[PDB]
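Here the structure comes first, spelled out in structure tokens, and everything after it is commentary.
Every number in this text was worked out from the coordinates using simple rules, so none of it is lab data. Cβ atoms come from the backbone with ideal geometry, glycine included; neighbour counts cover every protein chain shown.
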Amino acid sequence: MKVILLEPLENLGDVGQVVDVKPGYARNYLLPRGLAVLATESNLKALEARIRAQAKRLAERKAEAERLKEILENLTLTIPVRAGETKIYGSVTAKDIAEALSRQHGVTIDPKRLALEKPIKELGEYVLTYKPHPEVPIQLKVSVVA
Amino acid sequence: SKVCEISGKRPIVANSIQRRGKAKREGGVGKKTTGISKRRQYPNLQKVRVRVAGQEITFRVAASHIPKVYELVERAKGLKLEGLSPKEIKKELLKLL
RNA sequence: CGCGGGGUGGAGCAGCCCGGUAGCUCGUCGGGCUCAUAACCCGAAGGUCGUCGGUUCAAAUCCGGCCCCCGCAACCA
RNA sequence: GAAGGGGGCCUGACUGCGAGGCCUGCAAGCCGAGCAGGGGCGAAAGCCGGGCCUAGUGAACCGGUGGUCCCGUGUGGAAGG
RNA sequence: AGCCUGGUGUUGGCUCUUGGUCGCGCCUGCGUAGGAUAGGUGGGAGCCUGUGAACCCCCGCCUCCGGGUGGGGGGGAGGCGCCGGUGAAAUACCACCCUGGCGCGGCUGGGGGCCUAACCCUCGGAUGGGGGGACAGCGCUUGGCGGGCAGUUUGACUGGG
RNA sequence: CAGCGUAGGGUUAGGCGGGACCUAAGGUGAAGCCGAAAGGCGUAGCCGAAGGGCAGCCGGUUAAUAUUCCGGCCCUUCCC
RNA sequence: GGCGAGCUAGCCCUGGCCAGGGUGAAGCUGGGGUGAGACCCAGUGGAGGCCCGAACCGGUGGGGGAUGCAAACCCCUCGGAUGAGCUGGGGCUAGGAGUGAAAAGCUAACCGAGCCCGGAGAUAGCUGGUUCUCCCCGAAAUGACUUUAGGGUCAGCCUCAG
RNA sequence: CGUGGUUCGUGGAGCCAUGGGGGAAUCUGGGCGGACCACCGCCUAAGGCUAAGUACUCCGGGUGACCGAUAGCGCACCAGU
RNA sequence: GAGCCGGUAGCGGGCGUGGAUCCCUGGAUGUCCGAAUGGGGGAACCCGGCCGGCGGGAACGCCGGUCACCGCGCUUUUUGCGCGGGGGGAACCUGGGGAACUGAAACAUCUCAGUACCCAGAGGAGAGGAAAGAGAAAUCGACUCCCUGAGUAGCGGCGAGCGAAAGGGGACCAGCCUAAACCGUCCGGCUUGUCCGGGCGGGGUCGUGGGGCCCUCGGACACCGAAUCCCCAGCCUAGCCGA
Ligand SMILES: [Mg+2]
Ligand SMILES: [Mg+2]
Ligand SMILES: [Mg+2]
Ligand SMILES: [Mg+2]
Ligand SMILES: [Mg+2]
Ligand SMILES: [Mg+2]
Ligand SMILES: [Mg+2]
Ligand SMILES: [Mg+2]
Ligand SMILES: [Mg+2]
Ligand SMILES: [Mg+2]
Ligand SMILES: [Mg+2]
Ligand SMILES: [Mg+2]
Ligand SMILES: [Mg+2]
Ligand SMILES: [Mg+2]
Ligand SMILES: [Mg+2]
Ligand SMILES: [Mg+2]
Ligand SMILES: [Mg+2]
Ligand SMILES: [Mg+2]
Ligand SMILES: [Mg+2]
Ligand SMILES: [Mg+2]
Ligand SMILES: [Mg+2]
Ligand SMILES: [Mg+2]
Ligand SMILES: [Mg+2]
Ligand SMILES: [Mg+2]
Ligand SMILES: [Mg+2]
Ligand SMILES: [Mg+2]
Ligand SMILES: [Mg+2]
Ligand SMILES: [Mg+2]
Ligand SMILES: [Mg+2]
Ligand SMILES: [Mg+2]
Ligand SMILES: [Mg+2]
Ligand SMILES: [Mg+2]
Ligand SMILES: [Mg+2]
Ligand SMILES: [Mg+2]
Ligand SMILES: [Mg+2]
Ligand SMILES: [Mg+2]
Ligand SMILES: [Mg+2]
Ligand SMILES: [Mg+2]
Ligand SMILES: [Mg+2]
Ligand SMILES: [Mg+2]
Ligand SMILES: [Mg+2]
Ligand SMILES: [Mg+2]
Ligand SMILES: [Mg+2]
Ligand SMILES: [Mg+2]
Ligand SMILES: [Mg+2]
Ligand SMILES: [Mg+2]
Ligand SMILES: [Mg+2]
Ligand SMILES: [Mg+2]
Ligand SMILES: [Mg+2]
Ligand SMILES: [Mg+2]
Ligand SMILES: [Mg+2]
Ligand SMILES: [Mg+2]
Ligand SMILES: [Mg+2]
Ligand SMILES: [Mg+2]
Ligand SMILES: [Mg+2]
Ligand SMILES: [Mg+2]
Ligand SMILES: [Mg+2]
Ligand SMILES: [Mg+2]
Ligand SMILES: [Mg+2]
Ligand SMILES: [Mg+2]
Ligand SMILES: [Mg+2]
Ligand SMILES: [Mg+2]
Ligand SMILES: [Mg+2]
Ligand SMILES: [Mg+2]
Ligand SMILES: [Mg+2]
Ligand SMILES: [Mg+2]
Ligand SMILES: [Mg+2]
Ligand SMILES: [Mg+2]
Ligand SMILES: [Mg+2]
Ligand SMILES: [Mg+2]
Ligand SMILES: [Mg+2]
Ligand SMILES: [Mg+2]
Ligand SMILES: [Mg+2]
Ligand SMILES: [Mg+2]
Ligand SMILES: [Mg+2]
Ligand SMILES: [Mg+2]
Ligand SMILES: [Mg+2]
Ligand SMILES: [Mg+2]
Ligand SMILES: [Mg+2]
Ligand SMILES: [Mg+2]
Ligand SMILES: [Mg+2]
Ligand SMILES: [Mg+2]
Ligand SMILES: [Mg+2]
Ligand SMILES: [Mg+2]
Ligand SMILES: [Mg+2]
Ligand SMILES: [Mg+2]
Ligand SMILES: [Mg+2]
Ligand SMILES: [Mg+2]
Ligand SMILES: [Mg+2]
Ligand SMILES: [Mg+2]
Ligand SMILES: [Mg+2]
Ligand SMILES: [Mg+2]
Ligand SMILES: [Mg+2]
Ligand SMILES: [Mg+2]
Ligand SMILES: [Mg+2]
Ligand SMILES: [Mg+2]
Ligand SMILES: [Mg+2]
Ligand SMILES: [Mg+2]
Ligand SMILES: [Mg+2]
Ligand SMILES: [Mg+2]
Ligand SMILES: [Mg+2]
Ligand SMILES: [Mg+2]
Ligand SMILES: [Mg+2]
Ligand SMILES: [Mg+2]
Ligand SMILES: [Mg+2]
Ligand SMILES: [Mg+2]
Ligand SMILES: [Mg+2]
Ligand SMILES: [Mg+2]
Ligand SMILES: [Mg+2]
Ligand SMILES: [Mg+2]
Ligand SMILES: [Mg+2]
Ligand SMILES: [Mg+2]
Ligand SMILES: [Mg+2]
Ligand SMILES: [Mg+2]
Ligand SMILES: [Mg+2]
Ligand SMILES: [Mg+2]
Ligand SMILES: [Mg+2]
Ligand SMILES: [Mg+2]
Ligand SMILES: [Mg+2]
Ligand SMILES: [Mg+2]
Ligand SMILES: [Mg+2]
Ligand SMILES: [Mg+2]
Ligand SMILES: [Mg+2]
Ligand SMILES: [Mg+2]
Ligand SMILES: [Mg+2]
Ligand SMILES: [Mg+2]
Ligand SMILES: [Mg+2]
Ligand SMILES: [Mg+2]
Ligand SMILES: [Mg+2]
Ligand SMILES: [Mg+2]
Ligand SMILES: [Mg+2]
Ligand SMILES: [Mg+2]
Ligand SMILES: [Mg+2]
Ligand SMILES: [Mg+2]
Ligand SMILES: [Mg+2]
Ligand SMILES: [Mg+2]
Ligand SMILES: [Mg+2]
Ligand SMILES: [Mg+2]
Ligand SMILES: [Mg+2]
Ligand SMILES: [Mg+2]
Ligand SMILES: [Mg+2]
Ligand SMILES: [Mg+2]
Ligand SMILES: [Mg+2]
Ligand SMILES: [Mg+2]
Ligand SMILES: [Mg+2]
Ligand SMILES: [Mg+2]
Ligand SMILES: [Mg+2]
């Protein structure tokens, strides 16, 4: 008989794989141990509903990046720093690149997880990357003076 | 009380027929009956312990309608009573109308 | 009548498989050891291998018809 | 004056019937001329429907087997009769 | 009736181990005899190898141990047959199959061990713990033993029976 | 004449016996188990006595009752 | 299908009963005995499906009774009588069932399967019985077959009508 | 598979019912017309209710080629005594 | 409409035309037991809880009221409340069970017989009933009941025996509600959703197949109409006139 798994097993499938097994097994082990439930017409319906819910609120999360990827991956922000010469007195941190972009084009980012690794000194044209999952490379120019 | 709590199958009365001789459809002169006597046929009654709400409930059912117990267990809706949830799980939830 | 086996020499009986020794024991005879017979040793007797017809180079083999003994299993107005 | 013994061909140890009788409580049992079909032996007349005769036997029911037309449960079949 | 018993339901997990059938794959087989240790019959002037041959060395299995046979490789251009024949047959090869064997999968069957969680027992204590355990019990069904019980039968003639 | 017919009368208890106490075999039986129906089981509980428990002895009196009425002496429980 | 253990059988609970006499086990004490013992002797003691014998429980032999006093009695005689004893009260077990120190005994005065009502007007090839009158005729007791033989079917013999 | 019902006693045994095992489909679905198959037809299972025509006579009444006290009810009467 | 206080006279008293006895309808009272129901119990007896009353009344006793169990429904398992059940009835009815004698001139299948009887349940009746029907006619149309079909068809140790249906003639006459798709709603579960589930409402009920949903037509005053409620006639439960 077919049941809906509520957990990975090895010996069957995982978290939603409708697989059939001995009714004895179902009644006296799985069901009692919350290990799963019966492939009811109801439970089966509620499962499709389960699958669509995710597939939506998930393919929407990717539709949040692919969107914020475009407005960001091409537009550039400027970081004017007391640069002295090819060696900033201070230093632009990820925390800074955040504040900056918030006005220089007016968006908000992490500012954590930005592939920042160690505050950036010196000047030049940098290309970093962002998140979450399939992501975007942000470009920015650290300049000079005020 | 050897009756299924779900289907209502209860023991019936049936004859045990002692026949001998070779079938007619096998070139025999035909079958002969050396006795007919009454006997009961009981439904294949079994226990089904199933946990419902907070309580353990035990159905005496024909093996045939065991599935029905678990279907009756799916229907859940507010009931913190005594070991007498079956009173509610029973015909209340069977066919009702 | 139904199903399965086969009769091989005087007896049971291996060869019935992947078609090819037509064997072993007791009995009797010949011969020696034994004071002796038996034991025991040497050799030897007897098979168209149930019936006939077939498939192969043959065949006890395989098929098929056939025949009873035994074997099995029901039925009996 | 064969029903006995011997030989030659043959299979009437036929099919379809059967006048009339014997016997007889019933049911049975028995004898039987003659007609027809197709035969056997005989030159023929003819004889032949087992055996010199009188015992060697078993109603019905239930089934088996081979035929054959016959019936075939809406119909064609089939099952089964 | 009772008792024994196969199948099946209640009845689950994990394994090891086997059988039948089927498909496919690879081997399997011996009579001097032909030059041989060629299973039945066909097709068959062809081949096989430079998509690395024979000659050898580890290797496994089969064996009438004679040899059969692939794998690893040194190996580097040969290696078979018909032909001729003291043999029913011809023995490169492509085949369809027979007998039996292993191998892989398929549909099924048998056994053994372990597990626990149904089912059973038990624990002043339980949503639990311990023991037994998919056995036993119980349902349906099979066949059997079955004066423990039940219903009956157990002839007539006859100088009484 | 009667144990017979008709009629009238006669049986007096806080302490005697039993009950507003206890439990026994057994019976019944919330829980629970089983059985075609009837019903059968069954823990507690309840019922159940010639057992356990519990306070009255001596006289007088009536045609007929008396540890019951009376007399004397003596006790029980309940309520305040 | 019900009614019965108020008789009887067994068992369960709670009570009660057994005059009087006899025999004198163990143990105990003391004495003897021995290396120490076994053991022996006294006295004490008071055991027992022990003895005699009433109540009580029986029912051995004989007589009587026999339309009885009595549907199990009476007389004489006899058995047990501290035990597997007797007995009151309260309970439980039953009809193919109970109970039985076992006779097929007992389960309400007849038990090889209780009683009551019912199926029921069981069945009875057997037995008995079968009722006013007159008139005419008038048999059979054989054969065949029959789990048939004292019962039947056909025939035979009687009668009536055409 | 095991049985019951029907006239159907296993029969060629359908149909309706169902104790056991297995176990669908939703009009192009399903059941039936007596094994089975085809064809042609009939009907829509697994939910329920439904007057009247029918059965009976404790009870009241009306009738009798019904009884008339051994009859008629067991009881004509203080009898289920 | 003149007599009455039963059978039942009597003793000893009373009542009636101001309408008695008597008859019909309704009401009141109705000890105790009994389904018996506060609890016991060897029916007609015994013993209690709670509220109230009576006696001098705390102890005691009496009076009124109330208190069994089970089911269903509400409702907060609270705890209550409401509703109902229980038992009886001559026969009749349905269901669950279910013999034997006997017959077969023995006997087992068969018969007796689904009888007797036991049990449950129902009601003035009960059952049954609106085709997954019949069964050969392009047929009939719920069910019950009678006549017939018919001792037919068949069944059967093919023995004993058992024994239909269609069809025809009559009696009576009737047909409906739902489940599901779909829609609305309240609620509960949660692994929060065009999610699942339960509860109510709408919707829908059919065999020339029906229904849902979408579109178009035109969808209505109507028209049919209860088995339910209401009214009435009529009828029953006393009587009266009557040559
Ligand atoms: Mg059987
Ligand atoms: Mg045949
Ligand atoms: Mg019988
Ligand atoms: Mg099943
Ligand atoms: Mg001659
Ligand atoms: Mg001649
Ligand atoms: Mg003649
Ligand atoms: Mg003759
Ligand atoms: Mg002769
Ligand atoms: Mg016969
Ligand atoms: Mg025949
Ligand atoms: Mg025949
Ligand atoms: Mg024809
Ligand atoms: Mg027909
Ligand atoms: Mg036909
Ligand atoms: Mg035939
Ligand atoms: Mg024929
Ligand atoms: Mg088994
Ligand atoms: Mg099993
Ligand atoms: Mg295998
Ligand atoms: Mg191939
Ligand atoms: Mg365990
Ligand atoms: Mg455990
Ligand atoms: Mg364990
Ligand atoms: Mg088992
Ligand atoms: Mg058996
Ligand atoms: Mg047997
Ligand atoms: Mg006997
Ligand atoms: Mg026997
Ligand atoms: Mg008999
Ligand atoms: Mg005799
Ligand atoms: Mg004589
Ligand atoms: Mg004599
Ligand atoms: Mg007097
Ligand atoms: Mg006093
Ligand atoms: Mg006294
Ligand atoms: Mg007292
Ligand atoms: Mg008091
Ligand atoms: Mg008490
Ligand atoms: Mg009881
Ligand atoms: Mg009870
Ligand atoms: Mg009950
Ligand atoms: Mg008391
Ligand atoms: Mg007392
Ligand atoms: Mg006392
Ligand atoms: Mg006292
Ligand atoms: Mg005193
Ligand atoms: Mg006196
Ligand atoms: Mg005195
Ligand atoms: Mg005094
Ligand atoms: Mg009885
Ligand atoms: Mg007694
Ligand atoms: Mg005394
Ligand atoms: Mg003494
Ligand atoms: Mg001493
Ligand atoms: Mg001394
Ligand atoms: Mg003394
Ligand atoms: Mg002494
Ligand atoms: Mg004595
Ligand atoms: Mg003595
Ligand atoms: Mg003496
Ligand atoms: Mg004595
Ligand atoms: Mg004496
Ligand atoms: Mg005497
Ligand atoms: Mg005597
Ligand atoms: Mg005597
Ligand atoms: Mg005498
Ligand atoms: Mg005498
Ligand atoms: Mg005398
Ligand atoms: Mg004496
Ligand atoms: Mg004693
Ligand atoms: Mg006693
Ligand atoms: Mg009896
Ligand atoms: Mg007995
Ligand atoms: Mg005795
Ligand atoms: Mg007696
Ligand atoms: Mg009778
Ligand atoms: Mg008789
Ligand atoms: Mg005359
Ligand atoms: Mg004369
Ligand atoms: Mg006779
Ligand atoms: Mg005659
Ligand atoms: Mg004349
Ligand atoms: Mg069947
Ligand atoms: Mg039948
Ligand atoms: Mg038969
Ligand atoms: Mg037949
Ligand atoms: Mg049938
Ligand atoms: Mg049948
Ligand atoms: Mg059919
Ligand atoms: Mg069926
Ligand atoms: Mg079924
Ligand atoms: Mg169709
Ligand atoms: Mg039909
Ligand atoms: Mg047909
Ligand atoms: Mg079949
Ligand atoms: Mg139809
Ligand atoms: Mg319907
Ligand atoms: Mg009705
Ligand atoms: Mg009347
Ligand atoms: Mg008169
Ligand atoms: Mg009289
Ligand atoms: Mg009389
Ligand atoms: Mg008179
Ligand atoms: Mg009467
Ligand atoms: Mg009388
Ligand atoms: Mg009277
Ligand atoms: Mg009076
Ligand atoms: Mg007067
Ligand atoms: Mg006056
Ligand atoms: Mg007036
Ligand atoms: Mg009144
Ligand atoms: Mg009143
Ligand atoms: Mg009471
Ligand atoms: Mg008060
Ligand atoms: Mg009161
Ligand atoms: Mg009622
Ligand atoms: Mg009733
Ligand atoms: Mg009752
Ligand atoms: Mg019935
Ligand atoms: Mg009945
Ligand atoms: Mg019932
Ligand atoms: Mg029945
Ligand atoms: Mg009988
Ligand atoms: Mg008869
Ligand atoms: Mg008879
Ligand atoms: Mg007879
Ligand atoms: Mg007899
Ligand atoms: Mg019958
Ligand atoms: Mg009744
Ligand atoms: Mg009526
Ligand atoms: Mg009605
Ligand atoms: Mg109905
Ligand atoms: Mg309908
Ligand atoms: Mg229709
Ligand atoms: Mg026939
Ligand atoms: Mg019948
Ligand atoms: Mg008709
Ligand atoms: Mg008609
Ligand atoms: Mg109509
Ligand atoms: Mg919803
Ligand atoms: Mg709805
Ligand atoms: Mg609705
Ligand atoms: Mg509606
Ligand atoms: Mg449509
Ligand atoms: Mg007048
Ligand atoms: Mg007048």
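Can you tell me the relative contact order of chain B? Whole percent, Cα pairs under 8 Å, sequence separation 6 or more.
Details: 143 pairs, mean separation 23.5, N = 97.
RCO, chain B: 24 percent.
Need one word for region A:85-146: rounded, prolate or oblate. Basis is the Cα gyration tensor (sqrt eigenvalues a ≥ b ≥ c); a/c below 1.5 gives rounded, then a/b vs b/c decides.
On the way: a/c = 1.94, a/b = 1.55, b/c = 1.25.
It comes out prolate by the Cα gyration axes.
Which GluC sites (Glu not before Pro) in region A:24-114 sit in a loop by DSSP (not H, G, I, E or B) and have at most 14 other Cβ atoms within 10 Å of their own Cβ?
Values: sites: A:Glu41, A:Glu48, A:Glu60, A:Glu64, A:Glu66, A:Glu70, A:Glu73, A:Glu85, A:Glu99; in loops: A:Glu60, A:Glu85.
Listed in order of number, the matching sites are A:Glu60, A:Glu85.
D for chain B, whole µm²/s, Stokes-Einstein with Kirkwood Rh over alpha-carbon pairs at 25 °C and 0.890 mPa s: what number? Could you put the intermediate results ahead of the total?
On the way: Rh = 16.6 Å.
After rounding, the answer is 148 µm²/s.
Among residues other than A:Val127 whose Cβ falls under 13 Å from its Cβ, what is the net charge (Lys/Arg +1, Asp/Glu -1)?
On the way: positive: A:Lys141; negative: A:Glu73, A:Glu125, A:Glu135.
Overall, the nearby charge balance is -2.
Quick one: if the Förster radius is 45 Å, what FRET efficiency do A:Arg61 and B:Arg60 give, using the C-beta to C-beta distance and rounding to 0.05? It would help to have the intermediate numbers written out before the result.
Values: r = 52 Å, r/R0 = 1.16.
Efficiency, from the Cβ-Cβ distance: 0.30.
Using Cα pairs under 8 angstrom and six or more residues apart, how large is the relative contact order of chain A, in percent? Mind showing how you got there, number by number?
Details: 209 pairs, mean separation 30.1, N = 146.
Averaging sequence separation for qualifying contacts and normalising by length gives 21 percent for chain A.
If each DSSP helix of 4+ residues adds -39,500 (n - 2.57) and the sum is divided by the residues in the protein assembly as shown, what number results at 222 nm, nearest 500 deg cm²/dmol? Working shown, then result.
Working: 6 runs with 53 residues, N = 243.
-6000 deg cm²/dmol, from helical runs alone.
Tell me the Rg and the Dmax, in Å, that the Cα atoms of region B:1-57 produce.
My reading of the Cα-based Rg and Dmax gives 20.8, 66 Å.
Against the longest principal axis of chain A, how steep is helix A:41-59, in degrees 0 to 90 to the nearest 10, with axes from Cα atoms?
10 degrees
As a test, work out the antiparallel percent of DSSP beta bridges whose residues both lie in chain B, rounded to the nearest 5.
Values: 17 of 17 bridges.
Taking every DSSP beta bridge with both residues in chain B, the antiparallel ones total about 100 percent.
If you project the alpha carbons of the protein assembly as shown onto their three principal axes, what span does each projection cover, largest first, in Å?
Computed over the protein assembly as shown, the largest-to-smallest principal extents equal 121, 54, 31 Å.
Simple spin-label model, 7 Å along Cα-to-Cβ: B:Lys22 to A:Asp20 in nm?
With each label point 7 Å from Cα toward Cβ, the separation is 4.5 nm.
Between 0 and 90 degrees, rounded to the nearest ten: what's the tilt of helix A:94-103 against the longest Cα principal axis of chain A?
Approximately 80 degrees, to the nearest 10.
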